[PDB]
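Number 994 marks the last residue of the sequence shown (the deposited numbering); no jumps.
From the three backbone atoms N, C-alpha and C, an ideal C-beta is built for every residue, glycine too.
Here's the structure, in C-alpha cells; my notes come after.
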Amino acid sequence: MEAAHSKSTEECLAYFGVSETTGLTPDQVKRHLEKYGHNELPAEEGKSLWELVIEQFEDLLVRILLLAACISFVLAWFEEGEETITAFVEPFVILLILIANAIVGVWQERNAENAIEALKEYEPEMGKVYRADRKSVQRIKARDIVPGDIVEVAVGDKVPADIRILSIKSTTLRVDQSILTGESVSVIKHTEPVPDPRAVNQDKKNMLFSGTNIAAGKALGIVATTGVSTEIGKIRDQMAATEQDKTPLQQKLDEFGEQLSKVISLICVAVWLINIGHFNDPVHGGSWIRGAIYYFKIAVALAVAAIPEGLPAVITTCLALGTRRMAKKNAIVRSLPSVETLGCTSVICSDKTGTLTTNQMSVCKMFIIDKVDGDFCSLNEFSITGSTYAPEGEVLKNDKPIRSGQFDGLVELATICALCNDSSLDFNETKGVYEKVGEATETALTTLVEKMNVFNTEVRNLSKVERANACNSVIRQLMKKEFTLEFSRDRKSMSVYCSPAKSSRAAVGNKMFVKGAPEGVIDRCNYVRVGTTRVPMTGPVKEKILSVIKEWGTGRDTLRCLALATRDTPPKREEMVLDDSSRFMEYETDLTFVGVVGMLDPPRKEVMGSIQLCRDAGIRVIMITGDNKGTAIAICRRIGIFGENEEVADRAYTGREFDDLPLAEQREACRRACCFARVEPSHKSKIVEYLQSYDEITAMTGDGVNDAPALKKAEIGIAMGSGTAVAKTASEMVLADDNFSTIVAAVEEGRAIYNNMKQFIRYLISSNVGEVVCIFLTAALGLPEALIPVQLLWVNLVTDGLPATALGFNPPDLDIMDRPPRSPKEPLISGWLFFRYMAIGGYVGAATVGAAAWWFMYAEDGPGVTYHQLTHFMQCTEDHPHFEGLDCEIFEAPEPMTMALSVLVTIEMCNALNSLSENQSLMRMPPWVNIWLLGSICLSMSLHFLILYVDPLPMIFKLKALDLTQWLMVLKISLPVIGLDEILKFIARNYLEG
Ligand SMILES: [Ca+2]
Ligand SMILES: [Ca+2]
Ligand SMILES: [Ca+2]
Ligand SMILES: [Ca+2]
Ligand SMILES: [Cl-]
Ligand SMILES: [K+]
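In C-alpha cells:
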C-alpha cells in the first residue's frame, strides 16, 4: 500500500477491505502475512563468516587434489590392460564427491541459519492493533502485524510500522521522528491526504513512520507498509556493514583450528615420505614421479578426511537452538555472544522482592485447638500451599490433604479471616494474574478462605474473575458485617460486629470477630474454642498457644503470626460509642480464642531449589535488598542462601556497615558476602568491582536506571521484564517473569550449549584421529594398503558432514550442574579428554587394520588366507617360500579394502552414538534421544550399502559386496567401540570429577 500518504483514508481501508471498526480478520492476517511476510527486517547482508582457517585450507586441498587426478591418468593413460576403469573414472569420482561434500556442507549451513530465524521472536514493539475476533485492543508482537490491520497509539508508544493515520483521538497529536528526520522538535500529524506522491517524509504530515514514537496524543491508523517496505526499513537495509570483536571461545577455537591444520598438515606430509619405498614399484605404472602423485593424492586426501568440517555452522546451531530453548523458559537472550559467558557465571547478584520472593503475602500455616480435657492440650496444625494471591493451593495436615470443612474449628477461623478484613482479590484479565485490593497482610487472609473453601462451594467451573471472591462471598451471605472497630496501636488489633444476614431480629446470633497480634489478643481471651465447644482459658492452654506462636515466629520460616478470636456475647450496639479507639480495646474483651494463622512472603516458584542448584554448581548467590540486616539475614535462611542454623555474622552487611569498612575490608566482604541490606544505589557497582577483583564472572540483576551502571559493569546484566527500557538495553539478558529461578536455568542451558559443542568436537576428532591411525598403522607395520583416494573422500562424506550436523540437534545433557563454572582460563580440551580421544581413535584405526587382517589372515570360512607374512606381501612373486593356493594378485583383492572401509563407516556411526552426551550412558540417554541422528546415520548407512551392492558402483570404489557373515563381522568389529567409550564415560562419571 505504498504512497498511502497521497490517498484518502477510504482509499486505504478499501485497498485492504478492512472495517476500521473491527480491523482485520484471522484469514486476512494469514493472507496479508504470506503476501508481505512478518514485520521484520532480514539478514540478507553479510554479518557472519566461517571463523576457522582450515575451512579455506581444505577447499584448496580438494581443488589441488583434483589436479593430481587430472595429471595422474593423463601423464600415462595407457597401461598394459589399457584402462581398468577403476583408475580412469577417478577424476569423475572425486569431482562427483566434492559435489556431495558441497550439497552436504550447505545442508548444515542452512539449519545453522534456519535456527537463527527461530530466534526472531524477542523484545519487539508489541504494537497495539484491532482485529475481528475481539472488540478490545490486542497487545500483539510487532512482527505479527501485517500491512492493512488497524493500529492505535497513545502517549509514549513506539510506531511499529508505516501507518496512514485514520483517526486522531486526542485534541492533537505530536510525534518524535527525530531518528529519521532532521526534526528535533515533535511535529504534528493530520488525518487528510498529502496528494503529491513524491513528497518527502517531512511533508507526509499524515503518516507515522516505523521506529518513531509519539510525543503526545492517541490515534488510530492503518498500516500502509511493514518490514523492509518501511521508510526506516529502506534505510537500515541500505546501511554500512557492521564489524565485531571476538569471544574468548572463538579465540580459543581459532587457536584450535590452528593446532589441527598444522598437525594434520604434518601427519599427511609425513605419509608422502613413509611411502617413498613405493613410488617406483609396478602397481603405479612402474615409474617414479607417477607414484609420487599417487601417495600425494592419499595424503592430500587423508587430510580432507581428517579436517573436522561443520564446527562453525554446528555451534551456531547449538547456540541458536539453545537460545530458543532458554526463551521458552523466559530467558530472553539479547546477545548471542554472551550466552557463551553465561556458563561461566560464578556469582549471581539478585534482588529479593519480586525476583527471589513473590512479594505477595501468603498464609502457609495455621492451627486451632484439638483436645484439652486432661489439662494438656494438643492442636490441629495445618499447612497451606500456593504462594501468591491466586485461589490456587490446598490445605494440608501432616503433609496430607483434607477438606477444610471437615474441621468445624476451621469454619470459624475462615469466618473470621473472611469477615475481619477490608481487602479483596481482583482478577486483572488484562495481565491474566490475580491482584490484591488493599493491604497484603489482609488480602493474604482472603486468599486463605478461597484455598480453604470450608463450605465446598463449586469453583472449578467458575471464571477467574469469578473464583476471585467466591468462597469469601458465601461467608458474607451467611454473616452480615454491621460495623467495624478500626485498628489502633494500643491494642494492636481490630474486629467487626456481625449477625446472621437477612435475620429480621436483634440480640440473636450477634458476634464480634477479632483479629490481632497474639499476646494482647490471647490475654483478652477467657474462653478457648475447641471443637464447636468452648472451655475457659486455663493457665496451661494459654501456654501451648504461645509455644507454637514461638516455634513459628522464630523458626527457619520466621512466619508473621495473627491471632483469631471471637467475642461470643458482645455488648449491644446501643451501649457502644464508635468514635475513639480508646474504648475499642475494652469492647474487645472476654474473647474466645479461635485460632492462629502464620504468614510470610514466600520464595518464588523453584527459587528455593534453584539456589540449591547454584550451590551444587559452585555459583555464589548474593541477595541484595532493602530489608534490615536481621530480617534480611532471615529471608536468606528461609530461601537457602544460609542454613537454618549456619553462622553468618560476617556474610551479611548493610550499606552503612559496608561504607564503614576500609577498602581492604570491603573487597574481602565481597569474596564471602551472601546478603546485603539497605544498600545505596552506588553499592551494586562497587560490589561488582570487588567481585571482578577475584576474577569472578558475575550476573547482576537490575531494574532501573539506578542500576544501569552496575548492569553494564557486570559480566552479565540481567533486566527484569517488568523493568525500565533503559535497564533492558543495559543487560545482556531479560527475565520475562523476573524470577530468579530463571537465571539459574539460563545459566544451566549455557552449560549444555557448551557441552553440545564438546560432543560435536569429540566425535570428529576422536573418529578422524582413528582414520589417520589406520592409514598410518598399515604404512607402519607394513601391510597391503587399506584405502585409496576416493575411499577417503567417501568416508569423509559419510561420517563427517551429515551424522556430524546431527549432533547439533542433541538435547540438554544431565548432571551438568555439579561441576564448577567454566573458567576462560582452562583449555578447550582437557588432557583426559585428549586421552579419551586417542583412546577411541586409536581403537577405530585398529579395528579397521584389523578387519582386513581378518580377511587376509585366517577367517572362519574366508575366501582367501595367508599368514602374518602378509607384511612382506609386496615381495611376493612366487618366490617359493610363503606360497600356497595364493597368487600375488590376491593382495590387490577388493574385499579386504571393502571389509575395511565398511568397518570404518560402521564403527564411526557406532561412535557418533557416543556423542549424544559427554559423560552419560546410552542407557541413561538412548540413541533415539536425538532422532535426526538415527536418521542421518541410516541415510548414510544406506549410501554405503548402495555403493556395495549396486553393481555399476562397487567397481569404481574397488569394493566387493560382503555377505551377511561378512557384515555380521563388521558389526562385532565396530560395535565394541560403544562398549569402550561407555567405560571412559563410566570412569569420568565417578572417578575423575567425583
Ligand atoms: Ca477524511
Ligand atoms: Ca573431515
Ligand atoms: Ca579479570
Ligand atoms: Ca569421519
Ligand atoms: Cl482524507
Ligand atoms: K557487560
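Would you say residue i touches ligand 4, meaning its beta carbon is less than 7 Å from a heavy atom?
i, result
"residue 800", "yes"
"residue 795", "yes"
"residue 764", "yes"
"residue 771", "yes"
"residue 908", "yes"
From this set, the options, which residue's C-alpha is nearest residue i's C-alpha?
i, options, result
"residue 996", "227, 353 and 281", "Given that the chain is displayed from residue 1 to residue 994, the structure contains no residue 996 and the question cannot be resolved."
"residue 132", "55, 126 and 151", "151"
"residue 334", "344, 320, 306 and 230", "320"
"residue 653", "629, 763, 634 and 538", "629"
"residue 589", "543, 526 and 597", "526"
"residue 541", "552, 528, 916 and 511", "528"
"residue 860", "649, 917 and 966", "966"
"residue 100", "975, 940 and 339", "940"
"residue 521", "552, 473 and 585", "585"
"residue 533", "513, 593 and 551", "593"
"residue 470", "391, 436, 519 and 539", "391"
"residue 871", "778, 812, 792 and 834", "778"
"residue 216", "667, 9, 548 and 187", "187"
"residue 249", "312, 36, 535 and 304", "312"
"residue 213", "169, 162, 236 and 195", "162"
Could you check how far apart the C-beta atoms of residue i and residue j are, in whole angstroms? I think they sit under 8 Å.
i, j, result
"residue 840", "residue 980", "7 Å"
"residue 424", "residue 438", "7 Å"
"residue 680", "residue 655", "5 Å"
"residue 357", "residue 641", "Rounded, the Cβ-Cβ distance is 12 Å, inconsistent with contact."
"residue 366", "residue 413", "7 Å"
"residue 660", "residue 818", "39 Å between Cβ atoms; not a contact."
So residue i is in the alpha helix (DSSP H); what residue range does that whole segment cover?
i, result
"residue 527", "Premise fails: residue 527 lies in the beta strand (DSSP E), 525–528, not in any alpha helix (DSSP H)."
"residue 551", "541–553"
"residue 516", "Element bounds for residue 516: not the alpha helix (DSSP H) but the beta strand (DSSP E), 511–516."
"residue 229", "Element bounds for residue 229: n/a, residue is neither H nor E."
"residue 635", "629–639"
"residue 94", "90–105"
"residue 15", "9–15"
"residue 75", "55–75"
"residue 749", "740–781"
"residue 948", "931–949"
"residue 396", "Per DSSP, residue 396 belongs to no alpha helix (DSSP H); it is in the beta strand (DSSP E), 395–397."
Around the Cβ of residue i, are there at least 16 other Cβ atoms within 10 angstroms (buried) or fewer (exposed)?
i, result
"residue 875", "exposed"
"residue 587", "buried"
"residue 404", "buried"
"residue 816", "buried"
"residue 433", "exposed"
"residue 401", "exposed"
"residue 398", "exposed"
"residue 244", "exposed"
"residue 580", "exposed"
"residue 809", "buried"
At a cut-off of 7 Å, is residue i close to ligand 1 when judged by its beta-carbon and the heavy atoms of the ligand?
i, result
"residue 192", "yes"
"residue 21", "no"
"residue 8", "yes"
So is the beta-carbon of residue i under 7 Å away from any non-hydrogen atom of ligand 3?
i, result
"residue 707", "no"
"residue 692", "yes"
"residue 737", "no"
Considering just the uninterrupted stretch of the beta strand (DSSP E) at residue i, what are its terminal residues?
i, result
"residue 347", "347–351"
"residue 605", "Unbroken run through residue 605: none, as it is neither H nor E."
Comparing the CB of residue i with every heavy atom of ligand 2, is any distance shorter than 7 Å?
i, result
"residue 101", "no"
"residue 768", "yes"
"residue 304", "yes"
"residue 308", "yes"
Say yes only if the C-beta of residue i is nearer than 7 Å to one or more non-hydrogen atoms of ligand 6, and no if none qualify.
i, result
"residue 717", "yes"
"residue 732", "yes"
"residue 728", "no"
"residue 712", "yes"
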